[PDB]
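One letter stands for each residue in the lines below.
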Amino acid sequence: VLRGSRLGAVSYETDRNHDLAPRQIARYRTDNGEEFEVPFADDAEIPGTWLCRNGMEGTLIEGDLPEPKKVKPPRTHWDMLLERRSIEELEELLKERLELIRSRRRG
Amino acid sequence: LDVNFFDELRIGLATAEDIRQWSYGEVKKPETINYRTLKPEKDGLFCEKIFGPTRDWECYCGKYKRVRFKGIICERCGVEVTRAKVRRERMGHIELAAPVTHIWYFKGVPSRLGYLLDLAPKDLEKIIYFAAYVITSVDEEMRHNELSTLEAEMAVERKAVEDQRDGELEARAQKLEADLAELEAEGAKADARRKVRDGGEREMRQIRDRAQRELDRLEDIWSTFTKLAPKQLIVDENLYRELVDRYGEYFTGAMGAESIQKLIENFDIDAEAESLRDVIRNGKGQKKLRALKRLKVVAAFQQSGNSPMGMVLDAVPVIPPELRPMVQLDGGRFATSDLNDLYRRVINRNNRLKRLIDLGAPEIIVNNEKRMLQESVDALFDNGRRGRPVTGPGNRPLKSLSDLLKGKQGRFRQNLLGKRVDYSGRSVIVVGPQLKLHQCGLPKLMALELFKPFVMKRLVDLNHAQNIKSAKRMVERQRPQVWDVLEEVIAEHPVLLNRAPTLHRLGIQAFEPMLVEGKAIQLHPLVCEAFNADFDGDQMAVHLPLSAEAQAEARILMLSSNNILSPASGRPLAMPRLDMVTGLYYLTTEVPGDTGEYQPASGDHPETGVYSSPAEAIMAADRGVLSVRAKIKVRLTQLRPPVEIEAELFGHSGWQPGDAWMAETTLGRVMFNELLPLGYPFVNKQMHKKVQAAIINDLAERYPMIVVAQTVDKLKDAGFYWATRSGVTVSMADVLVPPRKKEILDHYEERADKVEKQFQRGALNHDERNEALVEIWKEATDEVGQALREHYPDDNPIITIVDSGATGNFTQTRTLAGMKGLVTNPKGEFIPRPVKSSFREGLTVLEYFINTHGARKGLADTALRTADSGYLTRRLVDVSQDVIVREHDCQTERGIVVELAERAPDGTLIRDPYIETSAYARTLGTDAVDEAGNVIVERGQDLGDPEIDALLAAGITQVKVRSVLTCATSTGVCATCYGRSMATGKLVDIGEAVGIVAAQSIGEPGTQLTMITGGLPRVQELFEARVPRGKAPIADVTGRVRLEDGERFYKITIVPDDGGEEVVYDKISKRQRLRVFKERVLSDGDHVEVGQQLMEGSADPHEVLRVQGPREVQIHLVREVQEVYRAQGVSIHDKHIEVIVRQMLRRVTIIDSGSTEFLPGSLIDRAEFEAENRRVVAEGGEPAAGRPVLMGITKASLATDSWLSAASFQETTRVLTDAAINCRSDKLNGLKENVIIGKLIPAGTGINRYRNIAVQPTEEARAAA
DNA sequence: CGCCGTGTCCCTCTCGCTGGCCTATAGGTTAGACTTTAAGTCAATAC
RNA sequence: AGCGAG
DNA sequence: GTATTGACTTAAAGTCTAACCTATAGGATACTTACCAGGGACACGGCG
Ligand SMILES: [Mg+2]
Ligand SMILES: [Zn+2]
Ligand SMILES: [Zn+2]
């Protein structure tokens, strides 16, 4: 037989429902007003942002609200232009275009 | 959870909200695993954070582990720490950047989206695949009010274009004046001036053509606006763009699946359904037909609270990863699932669409991306339905998400109704004649492997092993001491034996296994005909029942010694055949003039042939004195004499165990009659196959089935012994050619030569000469066969085997000696050569070549025929799943009339030939009356052989019996109306699945029906209710047949006796010959009845139904099917065909809705029809008239109320599409649904009355113990 | 509003065996050793 | 793909 | 045999540092539209 495997493994360990580790359900709220419970273990800080089942990240619903910051918009066509052109020539071109349109309308 | 809390199984559309409620996350990245660490990747298709952990109880990094942290989620990687098998259960979902349409509700003809929206399939395909825009909203108010202001603007623009037009014309005039001045002022050619002038006028013609182009461009657009309404398709996006830039407001247009989304959003189902109902009620014609079909999809989305929105998808569910595994095969080579590729394509295109929309791209690229995304989702749900299938490596289609469900290799049929099982083996079968009918040899190795769970336990209990693992080790090494333990375990533990194909019930039988030496299953010879198993490599499989119920069922229901009679016709199936029939025929046959015979000569000595007891007879047989086949008279004191001599010498109470009598018979007949039970009277007949079968029939009818089994086994033993002693053998000296052969061949070759001369003189065409020669040589073969038959001695082994019923027919003997006869052309016709030589004489080269054509044709036909018969059996089983005995009696008065004997013209009752399969094993519905006298047999009698004998003696022919056709019980049938069980021989039980038995009994003799259509195709088109090829019309009203003689046609006109409105018949083709109506063929101006078939061939069942009600179509169907099955020589009881026919006639067409949710043209069950009529008579009565309909087996099966059985039967995609649209809930009441969901079928031992039997010791037994 | 022709879709038996381009930047990951600490171990001793 | 049983 | 203390060595972390993967960007002659079945049933467009 080719005898494949799903990786991972099995673990026969007598299932216990009696003595179980303590849990603290943590509620998170996404952007589209959707709450989501998450049973984190008590012996660990509850993260401030969870990628919920909704597929979008949601912040914690308690206080805290660390509100971090991230890089501004990865790049932008204007920014790439400014790495090969300067303001004075761009302004000159804008003046040429403006005069051209003004001539088109009123001459 | 539990198969008892599985009451229903509903199917419906899954809205995007449901799809994202199932999901435990969202697959956002098109990744599966790491190339190097070979672990699931984050947010990928196999993401551990969404579908669960690959290893039981661990987060992805390893922080939390073991059951003690059950139900927790590691805060680092986010994986929930639980069992890994949840990966087979949890789903994800992809959030499409743009909506797409479910392909099942678009491409599946009829396009349900199109019917709902009233968009032509081409238009829907154009919109959805971004080939044409469509308008979704129009402000009729602003259209109306601005129809003057924009009219003013269009007038201004038209004036401007006309002004430039007239300016161009004036410029032409000026240039033409210049041209004519040049031409007529300077010296030029006479035509050159006209050449340039015509050139200029042509330029102006082109300018006016441009003016017409402009007039079109403006006026067509204005007209398009004036009639602009929702759901209007716009090709030629140039026109669309011009509209949007100009009259952009006043109308909204869209493109693709989102446009269909908007259309469905702005679509009130109630108003559309009401308008459609009004149109169907008031209008008529093809318009009404299209209106009605659309109301089968527009009603479904109204009756249920299902939105029509589920067609358009915003989220695509993602199947759990382990249902599409990625496995590291040996060698590291990973094996994808063929569904991760389609999902990867969908996710790539969705992410690319997101990025393209984010960046800001021209509408061309983004629309192309949207079309690609739609195509990707289509390919995911169904590959190849639209366009070329998406292909993978090797240029093969990618196995999509719907191919897993459809077909013989689909999921519904390859893994749900049929499964591979544990505790099973297979091996070649070898005859064991020393076994008993309830035994089967089982090879030691096979039994030890099958039973090793049991043998391990037993040899641990006996202390041969210390524990379970040591015991397993001993079993794996087959230690010498584990064979006796095996013999102790295998004891009285039945095993089912199966031989594929299982053409009928008796192809699975339970035997008490005995251990045999080597590697082969020793089968009893008698069950061979039940299995159709000969020993030339016929492997068979052995299954091992485990639970107490399984063992009880195998031991009681399926034991091979309990199944002697065929369930189809009741004839014994375990009776001796082949060698045993030859042995018994040789033993019991009498040969006059034999040694030891009886001679009454006196005057010199006594009869010197009489024996005092069978012991003395056998002692004489040991000496070379008395043959076993010599007429003698013996004194018998242990075998009961026949009825006549018993009634003479005893009369009243002849107690044979002690009394003695004189039997003038052979010794062999005495020996045979010693095998039968004590009560059976002396037979004293040569034991042909028919006589033995009749003996076994009578024995089963009268004696208990254990006695039948033992008697049958003894018969087998005696037959084998005396077949060994019979000396039947073959040699070229035992095959005698007829001595007149050459004279016959000469006499018929003379006629052949005369025919050839006649052909050579142009007397007759090729076809006529061929037919004449065929007739000549057919007569020649008949004559030589007769000569051979009359020449043979009655002792020859060939003729002895053929004429003792052991096997073979006389045609094979004629082929062996004499003339093989005509041979079939490869096309099918008869070659007129013919093959004029025997197989003993040896065929010449050309004769052998001519012979081979028909043999190859037959071997191909056999394969195709077994395929067709298997398909027909499958259809017949599926149609009649829900016909099982439920009650004991209806008490219904309704019944069917069976003719029995026919009154002779001179006056006499001749028994009907096909009575064994029609009247036997039926229950009388009405009491029989003889000459208006007392009752010979009253209602509620099994109507067996004594009953028929009494009826024929009385002088009564037609009798009313109870049949499943006229069964009042709604669910299934009842025991009494169904009648006697052919197999069991008594009244049928209250759980028997008579539908399956009927289907198997009808469909097993197929593959022996040698295919107007007259074989298996005829039965196929009879059950399917298809219009036959030879559509021979039948009369509609009693009248006189005004017949004509036409060219390329006829007209069987009929002028009625109602005198009403005589109907004529159409271009009835000249090829169809007229029928023989009663002796006189149909004569012009002849009085016919309501049904008399006018033209030769078959009449479509639908017409006869419409003309004569349901009963006559029932009779026609049963008669035709039984005629097809008799033509070959197969006997099936009428009740099975009646079960199938009953299943075919159970629905009614609706003509008038009344006022109760019943669509015209709807096929509604008669029971529900009556129930709705009863519900509607009160609270205002609106009777919804209906008409009977005869469906087919396929249509009747696919119209069932359970979508789980129809989907698993045929056309899975259509069935599931319609069931989803209708919100059909399956109550899980049939046999196929219960099998699929793995819970007890509601038949036999699984019904609610037998399953929950309460069992407890009787009080006296408890007191004693 | 019928009759016809053309295009499309679904169906076609059971079981079983063998084997066949290149570069430059910035950032995350792991492996490897150092230092600490909970952990495993031995020897003598008193009751 | 070849091959067996029906 | 069962109650201890005082060393005496050891694996497992827990952590800092270094290299080797990983996500990502860029590249300027000019090149501008790819590639053998039948047999039945149902539905759509033409024509009368
Ligand atoms: Mg065979
Ligand atoms: Zn973790
Ligand atoms: Zn009944």
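Residues numbered from 1 in each chain as written, not as in the entry; some residues may be left out. Chains lettered and ligands numbered in written order. Part of a larger assembly, values for the part shown. Heavy atoms only, no water. Residues with missing side-chain atoms left out of burial classes, pairs and counts.

In terms of determination method and resolution, the entry is listed under cryo-EM at 3.1 Å.

Participant: So, the side chain of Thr 976 of chain B: which residues are in play, and what are the values?
Facilitator: Here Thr 976 of chain B shows up in helix α34 (residues 975-978). Judged by relative accessible area, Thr 976 of chain B falls into the buried class, the value being 8%. (Helix = DSSP H or I, 4+ residues; strand = E, 2+ residues; numbered from the N terminus. Buried < 20%, exposed > 50% of the residue type's maximum accessible area, 1.4 Å probe, protein only.)

Participant: Summarise the coordination of the zinc ion (ligand 2); cite the residues concerned and give the values.
Facilitator: Residues and elements named next belong to chain B. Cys 59 (SG), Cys 61 (SG), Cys 74 (SG) and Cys 77 (SG) make up the full set of protein donors to the zinc ion (ligand 2), lying at 2.0 to 2.4 Å. Angles of 109 to 110° at the metal separate the four donor atoms of the zinc ion (ligand 2), which places the site in the tetrahedral class. Donor residues for the zinc ion (ligand 2), ordered by position in the chain, follow C-x1-C-x12-C-x2-C. Pair noted here: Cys 59 is in the loop between α2 (48-51) and β2 (72-73) and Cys 74 is in the loop between β2 and β3 (80-81), with a separation of 15 residues, a long-range link. By relative accessible area, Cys 59 is classed as buried at 2%. (Donors = N, O, S within 2.8 Å, 3.2 Å for Na, K, Ca; no water. Tetrahedral: all angles 85-135°; square planar, octahedral: opposite > 155°, others 65-115°.)

Participant: So what's going on with the protein's contact with DNA strand C? Residues and values would help.
Facilitator: Residues and elements named next belong to chain B. Surveying the vicinity of DNA strand C reveals 13 residues, the closest of which are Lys 408, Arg 420, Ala 500, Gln 1210 and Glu 1211. Separating a phosphate oxygen of DNA strand C from a side-chain N or O atom of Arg 420 is a distance of 2.8 Å. Taking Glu 1211, its main chain carries an N or O atom lying 2.9 Å from a phosphate oxygen of DNA strand C. Among the elements that make up the surface near DNA strand C, the one with the highest residue count is helix α32 (residues 845-879) (four residues). For the surface near DNA strand C, the class distribution of residues is four nonpolar, three polar and six charged. (Near = heavy atom within 4 Å. Polar contact = N/O pair within 3.5 Å; in protein donor to acceptor, adjacent residues only side chain to side chain. Nonpolar A, V, L, I, M, F, W, Y, C, P; charged D, E, K, R; others polar.)

Participant: I'd like to hear about the protein's contact with RNA strand D, residue by residue, with values.
Facilitator: All names here are of chain B. Taken together, the residues surrounding RNA strand D are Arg 499, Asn 532, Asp 534, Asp 536, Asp 538 and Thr 866. Here RNA strand D approaches the protein such that, of its atoms within 4 Å, sugar and phosphate make up 87%. One of the side-chain nitrogen or oxygen atoms of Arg 499 is found 2.6 Å away from a sugar or linking oxygen of RNA strand D. In the model, a sugar or linking oxygen of RNA strand D is placed 3.1 Å from a nitrogen or oxygen of the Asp 536 side chain. Tallied by class, the residues present in the surface near RNA strand D amount to no nonpolar, two polar and four charged.

Participant: Provide a residue-level description of the sheet that holds strand β12 (residues 439-443) of chain B, including the pertinent values.
Facilitator: Residue and element names in this part refer to chain B. Taken in spatial order, the six strands make up an open sheet running β12-β14-β13-β16-β11-β15, and their pairing is mixed. Looking along the sheet, the strands with just one partner apiece sit at the ends: β12 and β15 (521-523). Looking at each pair of strands side by side, their axes are set apart by 50° on average, direction ignored. (Pairing = 2+ DSSP bridges. Axes fitted to C-alpha atoms, helices over the stretch in contact; angles between N-to-C directions.)

Participant: Tell me about the packing of aromatic side chains, residues and numbers included.
Facilitator: In this structure the tally under the stated criterion is 17 aromatic pairs over all chains. Both rings, one in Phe 225 of chain B and one in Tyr 247 of chain B, keep their centres 5.0 Å apart while their planes meet at 80°; by these two values the pair is edge-to-face. Placement of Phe 225 of chain B in helix α7 (residues 190-226) and of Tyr 247 of chain B in the loop between α8 (237-246) and β7 (252-254) is noted, with a sequence separation of 22 residues between them. With respect to burial, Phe 225 of chain B and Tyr 247 of chain B carry one shared label: buried. Every member of this aromatic cluster is reached through a ring pair, and the members are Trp 222, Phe 225, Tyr 247 and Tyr 250 of chain B. Taking the ring centre of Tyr 24 of chain B as reference, the NZ or CZ of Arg 53 of chain A above it sits at 4.9 Å. In this structure, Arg 90 of chain B packs its charged tip against the face of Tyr 24 of chain B, placed 4.2 Å from the ring centre. (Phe/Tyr/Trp six-rings, centres within 6.5 Å; stacked < 30°, edge-to-face > 60°. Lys NZ or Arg CZ within 6 Å of the ring centre and 35° of its normal.)

Participant: Explain a nonpolar patch on the surface to me, and be specific about the residues and the numbers.
Facilitator: A cluster of nonpolar residues, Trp 78, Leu 82 and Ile 87 of chain A, forms a patch on the protein surface that exposes about 300 Å² of accessible area. Mapping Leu 82 of chain A onto the fold places it in helix α1 (residues 77-82). (Patch = residues over 30% accessible without salt bridge, like charges linked within 9 Å, V, L, I, M, F, W, Y side chains within 5 Å. Areas by Shrake-Rupley, 256 points an atom, 1.4 Å probe, with all protein chains shown as cover. Salt bridge = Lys/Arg side-chain N within 4 Å of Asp/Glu carboxyl O.)

Participant: Lay out the coordination of the zinc ion (ligand 3) with the relevant residues and their values.
Facilitator: Reference geometry at the metal: tetrahedral coordination by four donors gives ideal angles of 109.5 degrees; octahedral coordination by six donors gives 90 or 180 degrees. Residue and element names in this part refer to chain B. Each protein donor to the zinc ion (ligand 3) is listed here as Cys 890 (SG), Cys 967 (SG), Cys 974 (SG) and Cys 977 (SG); together their distances run 2.0 to 2.3 Å. Of note is the zinc ion (ligand 3), whose four donor atoms meet at the metal with angles of 109 to 110° in an arrangement that counts as tetrahedral. All donors of the zinc ion (ligand 3) belong to a single chain; written as a sequence motif, their spacing is C-x76-C-x6-C-x2-C. Highlighted residues: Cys 890 in the loop between β22 (885-887) and β23 (896-898) and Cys 977 in helix α34, separated in sequence by 87 residues.

Participant: Account for the pairing of strand β16 (residues 539-543) of chain B, with residues named and values stated.
Facilitator: Taken residue by residue, a regular strand's side chains alternate between the two faces of the sheet. As defined by bridge partners, strand β11 (residues 424-431) of chain B adjoins β16 of chain B across five bridges and the pair is classed as antiparallel. Bridging across to β16 of chain B, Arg 426 of chain B finds its partner in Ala 541 of chain B.

Participant: So what's going on with the packing of helix α17 (residues 452-461) of chain B against helix α18 (residues 468-477) of chain B? Residues and values would help.
Facilitator: Residues and elements named next belong to chain B. One can describe the packing of α17 onto α18 by two numbers: an axis separation of 9 Å at closest approach and a directional angle of 120°. Regarding the angle of α17 to α18, the classification is oblique. Considering only the axes of α17 and α18, their crossing is right-handed. Between α17 and α18, the contacting residues are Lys 452, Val 455, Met 456, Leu 459 and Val 460 on the first element and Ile 468, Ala 471, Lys 472, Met 474, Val 475 and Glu 476 on the second. Class assignment for the residues of the contact of α17 with α18 results in eight nonpolar, no polar and three charged. (Parallel < 35°, antiparallel > 145°, perpendicular 65-115°, else oblique. Left-handed = near helix turned anticlockwise from the far one by under 90°. Contact = heavy atoms within 4.5 Å.)

Participant: How would you summarise the interface of chain A and chain B if you had to cite specific residues and measurements?
Facilitator: Between chain A and chain B, the contact holds 31 residues from the first and 39 residues from the second. Interface of chain A and chain B: buried area, both sides summed, is about 2800 Å²; carbon and sulfur atoms make up 50% of it. Per-residue buried area on chain A facing chain B is highest for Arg 6, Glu 13 and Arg 53 of chain A; these three make up 23% of the total on that side. On inspection of chain A and its partner chain B, the count reaches three salt bridges. Across the pair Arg 83 of chain B and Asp 15 of chain A runs a salt bridge whose closest N-O atoms are separated by 3.6 Å. Summed over the shared surface of chain A and chain B, the result is 11 residue pairs in polar contact. Secondary structure elements with two or more residues in the side of chain A that touches chain B: β2 (35-41) and β3 (49-51) of chain A. Here the residues of the side of chain A that touches chain B sort into 15 nonpolar, seven polar and nine charged. (Buried area = accessible area lost by both parts, 1.4 Å probe.)

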